[PDB]
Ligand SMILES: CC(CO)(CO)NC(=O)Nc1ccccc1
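Just one chain follows, in the form solved without this ligand, and it is written as structure tokens.
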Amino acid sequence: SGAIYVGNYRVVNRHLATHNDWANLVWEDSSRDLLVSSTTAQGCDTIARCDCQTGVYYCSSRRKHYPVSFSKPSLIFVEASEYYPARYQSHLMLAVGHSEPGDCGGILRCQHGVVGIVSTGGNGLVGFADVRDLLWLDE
């Protein structure tokens, strides 16, 4: 689990969005596994605006943060789970690292701010849904 709080928005994995997230829907993209809902409280996370390929992510299944190198956001085939059939996921970044399903929502951060959230994984790889292109999160 996990979310990003920036301005009047909450960014979550679309497969983990709650009934309240869907009732306050701002934008969602199934191919990205992202959903953004509106909030009453102002959030103060900072979204990175950069092309970094190194950063640190939180891994709840190890209670640890790990530094990784990751690929630029791209269209990648992702195997099925109970939440989606196998399909191409867009704006996905991969790194070598540990993850389990419940690690979704863990934040990846570089020196500039939040890069994305854990979304996929397996075989020693962890995939992150990028948020750096969503310029509207700051306005």
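Just count from 1 along the sequence shown to find any residue number.
The following text describes the form solved in complex with this ligand, which does not appear among the structures shown.
In the deposited complex, this ligand lies within 4.5 Å of some heavy atom of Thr54. Contact annotation for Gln42: none of its heavy atoms lies within 4.5 Å of this ligand in the deposited complex. In the deposited complex, the residues of 90-109 lying within 4.5 Å of this ligand by at least one heavy atom are, in order, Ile107, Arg109.
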